[PDB]
Structure formats: structure tokens, C-alpha cells
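Colleague: here is the input, now give the coordinates:
(chains A, B and C, ligands or ions: 3)
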Amino acid sequence: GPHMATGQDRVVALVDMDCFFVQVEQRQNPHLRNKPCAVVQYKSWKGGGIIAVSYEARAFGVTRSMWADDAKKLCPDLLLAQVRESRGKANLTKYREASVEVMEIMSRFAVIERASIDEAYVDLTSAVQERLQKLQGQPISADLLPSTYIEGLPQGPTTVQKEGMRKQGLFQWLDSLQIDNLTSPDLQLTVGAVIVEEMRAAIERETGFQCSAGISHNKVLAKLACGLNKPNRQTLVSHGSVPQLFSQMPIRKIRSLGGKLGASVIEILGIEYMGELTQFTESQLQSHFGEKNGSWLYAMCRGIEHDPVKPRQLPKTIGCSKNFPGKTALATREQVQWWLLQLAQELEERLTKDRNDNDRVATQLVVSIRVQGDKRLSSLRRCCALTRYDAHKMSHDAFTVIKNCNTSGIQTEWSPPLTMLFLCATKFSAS
DNA sequence: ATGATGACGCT
DNA sequence: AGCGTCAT
Ligand SMILES: Nc1ncnc2c1ncn2[C@H]1C[C@H](O)[C@@H](COP(=O)(O)NP(=O)(O)OP(=O)(O)O)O1
Ligand SMILES: [Mg+2]
Ligand SMILES: [Mg+2]
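Modeller: Residues are numbered from 1 along each chain as shown, chains lettered A, B, ... in the order given. Ligands and ions are numbered 1, 2, ... in the order given. Shown next is the structure:
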């Protein structure tokens, strides 16, 4: 009781852009705004693969991974924006540059951990402490939380529209707050939410992009919270909200449990919801899923997690990849060499920009391929030295380290045909 | 015939 | 090192 940790020591937010690549294209092309629209990659195979979808289009059932020709059957008026293609492949530069716009604004408020092209975790523990002193015991107005939901509220003995509900919950939360105790975790979360309102206002003002956010005591809860009221809203998940929230929360919805581990938790334990994990001892969970995973599950199902927000705003690897599906699999040596060069050229461009912007150099080159028949993401990875940002040298070196995979006796050919090439620059050092 | 990426764990 | 998992 007195010595039980409650995982309420930090304030962590997760900020995730709403239909990010779509907003990037809508900002650029006003004709796309407030329309069902999607971002597509490679127009020739069935209109292109959809990689992002506006909320207007989601209402028709359009999803990521859908072929655009198929999406158009669901949504005949769907508008599309195409990803740029350079050197025969998708070029995501526009979206990486937009991401930097957003990450640079977030970084003004606090230390961030870049988690994807469109989201970052924020450790607000310090900013909250300082804001609480300046707020010398002074209450927090609902006007300071105009887009905040309080998960689990309203509740109890007590409107039929969304915003009425939001407000009722926020009112219940604020009315019950203990503002004279600067160490109240619920107060710390609330002030955290005020800061995230400010952050999200800054992003929208300075970029035009809308986003959602979660505010809680750790990364897994903040990420889960972010998604509860997307788009263009933020959600506070308190420690106290966890038992009800988790009581019907499918295990696969929790970060890192969406794959085989989560499926094994479900099968082995015979459970469906996160909250059901509380029934097991830490030793029991470790017995089934290993020391690290077992400890992690034991704490997480109680709303407790210690994974820190890492101070990292920049990616640790820079890579370029291309698939060659079906009949397009590379079958000749000259083919393989041409495409390695295309990849190397793009990688060179990105590395050179990276070294100028960020004062660092990559020192290792990883070359990965996939062969026909293999369902694995990669069939084979080999590394070599990256000593010069030169595309012809990188492409030549990549060929050298993989050319032995050519099981064939031919000279002119390549077998088995290659269904993927991947060049990744790694192991950065200061420069 | 999703694709193009990116982080991190395991042995 | 090279492979596998999980992720957007
Ligand atoms: N499997 C994938 N393959 C290629 N690009 C992808 C991708 N998943 C996402 N992207 C690209 C395209 C996405 O725009 C961007 C962010 O991904 P999200 O945050 O998962 N989804 P969004 O921001 O679109 O919508 P909302 O967050 O409101 O649900 O990353
Ligand atoms: Mg997003
Ligand atoms: Mg995201």
C-alpha cells in the first residue's frame, strides 16, 4: 500500500498528426481541402496503393493499403494526390520536410522522442512543475482545455451531442481537482494537457496541420489515449481511468502487443482484454513470456510502464528501399546494378543533406535483399564500410557484398530473381 | 502486387 | 554480425 508504486511519476504526451500525408497535400493544393481524398503511391498498378486517407474518405470505408481503383468503388468522388517519384521510385522528401516542421515546433516546448514520420512523445514532467509554480495555487479554467477529453468522464448520477459530452466530463474532472497539492498526479496531468493544448495550437498556427494527442503517465497510455478521440482532439488518461479503460480493451491495441506476442498472451492465458492480465502473478507472466516481457506486462496491465522518452529528434538510420513484385523481379546482373545505383543516388542525396543539417556522418552501409518465394521482410542482410558519400561507390560496394547470392552459373543473369533491394546508412558519428 | 521506411530485441 | 518482431 504505502510502498506500492503507481507509475504516476511522469507526465508524457504523444502527439500524432491527423491524416498526415493528406494534410501535407491539402495544404499545398487548396482544391483538396475538406474533401474525401487520399495519397497514393505508383499510379500504374490499379490506380496506386493508398498510404493515407482523409477523414471524409474514411467515412466511405477507404483505408490504407487499398488500391485506388478499389477505393474509387467505395468513394466515386475520391480525390487523389500522388507521391513524387524520382529515379524510378517513391520519393517521400515532401513528407519528411513537413515532419521536420512539426518536430521543430514541438521541440520548443520540451524534449521529444521522434517515434514516426508523424508522431513524437513529449516528456512534460519538468514543464508541468514550472507551470504549477507560476500557477501559484490558481485554479484551472475549462477555457484552457478547449479540445480536451477526459477519458472515463462524464460518469455517475447526472446532452446528446459530442461536444456537450466532452464539456460535461471536463467539468466533472476540473470540479474534483485538488489544485492546492502541487504533487497531485491528476493535477500534473491537467497542467500537462494545458501545455499540449498550447503545443497543438502552435503546430496548427505555424504549419496549418491539425493533430491529436494523448496525455498520461507513460508512453503506452499516451499513445492509446491519442487515438481515443482523433481527429483534432486530445485525450487525458489518468491513472484512475485505467481499470475501466482496460476492462474492455483488446490486448492487441496496446503498443508492442499487436503481433505474435499479443496473440500468444491471448492464446496461452485464454484472455481477451488487457485488464484480465492483473489476475496473474509476475512470476507466472515471466514464466510464459520471459523475464522482460513478463515484468513489462505485469506493470502495464496496471497502467504502469517505465520506458523513458528518449532525447532523440532525428532518425538513427537513413535508408532507401524498393520492391520488385511478381513478374518485375530483377533477373539480370545489369538490372540489379542499375537499381542499386538508383537507390544509392537517393541515399547519397539524403546523407549529404543530413551531414549539412545535422553535423554527422554515417559509417556503415547495410545491404538487404529479398528473393522470390520468401515471405520474410528481408531474406539476407550484409554490411560493409561507408567511407564516402558517393553513389557509384556505395552501389558498387553493395553489389560486391551480395553478388555471391547469385546461386546461378550464368554471367549475364541473376537467380533467384530479386523481389527487394534495400540500402541503409547506419552507425552515425559526429562531424 | 501494398510500399517505403524506421527502432530495437535475440543469440 | 545477421535475423526477427513490431511499428507507422
Ligand atoms: N504502412 C504505411 N506505409 C507507408 N506509409 C505509411 C504507412 N502507415 C502510415 N504511413 C504514412 C502515411 C501517414 O499519413 C503517416 C502517418 O501515419 P499514421 O499516423 O499511422 N496515420 P495518419 O496520420 O495518416 O492518420 P491518423 O493518424 O489521423 O489516423 O505515415
Ligand atoms: Mg497520424
Ligand atoms: Mg502516426
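
Colleague: can you give me the strands in the stretch 51-200 of chain A?
Modeller: Along the stretch 51-200 of chain A, the stretches classed as strands by DSSP state E, counting those that start in this stretch are A:79-82, A:85-86, A:89-90, A:112-116, A:119-123, A:148-150.

Colleague: interface residues of the stretch 151-300 of chain A facing ligand 1?
Modeller: The stretch 151-300 of chain A comes close to ligand 1 at residues A:230, A:231, as judged by Cβ under 6 Å from any ligand atom. In this view, the C-beta of every residue, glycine as well, is placed from N, C-alpha and C.

Colleague: need the helices for chain A, in chain order.
Modeller: A:20-28, A:55-58, A:68-74, A:93-106, A:125-134, A:162-175, A:185-207, A:219-226, A:242-247, A:260-269, A:282-289, A:291-300, A:333-358, A:391-402 (DSSP state H).

Colleague: give me the neighbour count for residue A:125.
Modeller: Other residues lying near residue A:125 total 17 when counted by other Cβ atoms under 10 Å.

Colleague: surely it touches residue A:11?
Modeller: Yes - applying Cβ atoms under 8 Å, one finds residue A:125 in contact with residue A:11, separated by 5.1 Å.

Colleague: give me the common contacts of those two.
Modeller: Common neighbours of residue A:125 and residue A:11 (criterion: Cβ atoms under 8 Å, 6 or more residues apart in numbering): residue A:188.

Colleague: re the thing from before, relative to DNA strand C, which of the strands of the stretch 51-200 of chain A is closest?
Modeller: Closest of the strands of the stretch 51-200 of chain A to DNA strand C is strand A:112-116, at 3.7 Å (criterion: Cβ to the nearest atom of the strand).

Colleague: what does the closest one rub up against?
Modeller: Strand A:112-116 is contacted from outside by A:14, A:103, A:106, A:120-122, A:309-315, using Cβ under 8 Å, 6+ apart.

Colleague: how about a cut-off of 10 Å?
Modeller: For strand A:112-116, contacts defined as Cβ atoms under 10 Å, 6 or more residues apart in numbering pick out A:12-17, A:20, A:99-100, A:103-104, A:106-107, A:119-123, A:219, A:223, A:255, A:307-316.

Colleague: restrict those to the buried ones and give me that as a ChimeraX selection.
Modeller: This is the ChimeraX syntax for the buried subset of the contacts of strand A:112-116, where burial follows 16 or more other Cβ atoms under 10 Å:
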select /A:12,13,14,15,16,17,20,99,103,106,119,120,121,122,123,219,223,255,309,313
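
Colleague: and the contacts of strand A:112-116 near ligand 2, which?
Modeller: Among those, the residues that sit close to ligand 2 (Cβ under 5 Å from the ion) are A:16, A:17, A:20.

Colleague: can you tell me the closest non-neighbouring residue to the first one?
Modeller: Ranked by Cβ to Cβ, 6 or more residues apart in numbering and with sequence neighbours excluded, the top spatial neighbour of residue A:16 is residue A:119, at 4.0 Å.

Colleague: and if you look at the last one?
Modeller: Spatial nearest neighbour of residue A:20, excluding adjacent residues (Cβ to Cβ, 6+ apart): residue A:118 at 3.9 Å.

Colleague: from what I see, the one you found and residue A:203 are in contact.
Modeller: No - at 11.3 Å, residue A:118 and residue A:203 do not qualify as touching, with contact defined as Cβ atoms under 10 Å.

Colleague: nearest residue to residue A:417 other than its sequence neighbours?
Modeller: Using Cβ to Cβ, 6+ apart, the closest residue to residue A:417 is residue A:329 (3.5 Å).

Colleague: quick one: the one you found and residue A:323 touch, right?
Modeller: Yes - between residue A:329 and residue A:323 there is a contact under Cβ under 10 Å: 9.4 Å.

Colleague: specify which residue of the two has the higher count of neighbours.
Modeller: The residue with more neighbours, out of residue A:329 and residue A:323, is residue A:329; 18 against 14, by other Cβ under 10 Å.

Colleague: so what's that one up against?
Modeller: Contacts of residue A:329 (Cβ under 10 Å, 6+ apart): A:323, A:335, A:370, A:371, A:372, A:414, A:416, A:417, A:418, A:419, A:420.

Colleague: adding distance to residue A:357, write these out as JSON lines.
Modeller: Output for these, formatted as JSON lines (distance: Cβ to Cβ, whole Å):
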{"residue": "A:323", "distance to residue A:357": "29"}
{"residue": "A:335", "distance to residue A:357": "33"}
{"residue": "A:370", "distance to residue A:357": "31"}
{"residue": "A:371", "distance to residue A:357": "36"}
{"residue": "A:372", "distance to residue A:357": "38"}
{"residue": "A:414", "distance to residue A:357": "37"}
{"residue": "A:416", "distance to residue A:357": "40"}
{"residue": "A:417", "distance to residue A:357": "38"}
{"residue": "A:418", "distance to residue A:357": "32"}
{"residue": "A:419", "distance to residue A:357": "33"}
{"residue": "A:420", "distance to residue A:357": "29"}
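
Colleague: what is the burial count for the residue of the stretch 151-300 of chain A found nearest ligand 3?
Modeller: Closest residue of the stretch 151-300 of chain A to ligand 3, Cβ to the ion: residue A:226 (8.6 Å). Per other Cβ under 10 Å, the neighbour tally for residue A:226 reads 24.

Colleague: and if you look at residue A:47?
Modeller: The local packing of residue A:47 (other Cβ under 10 Å) involves 20 other residues.

Colleague: wait, isn't it in contact with residue A:68?
Modeller: Yes - assessed by Cβ under 10 Å, residue A:47 is found in contact with residue A:68 at 3.1 Å.

Colleague: now do the shared contacts for the two.
Modeller: Joint contacts of residue A:47 and residue A:68 (Cβ under 10 Å, 6+ apart) are A:38, A:40, A:78, A:80, A:82.
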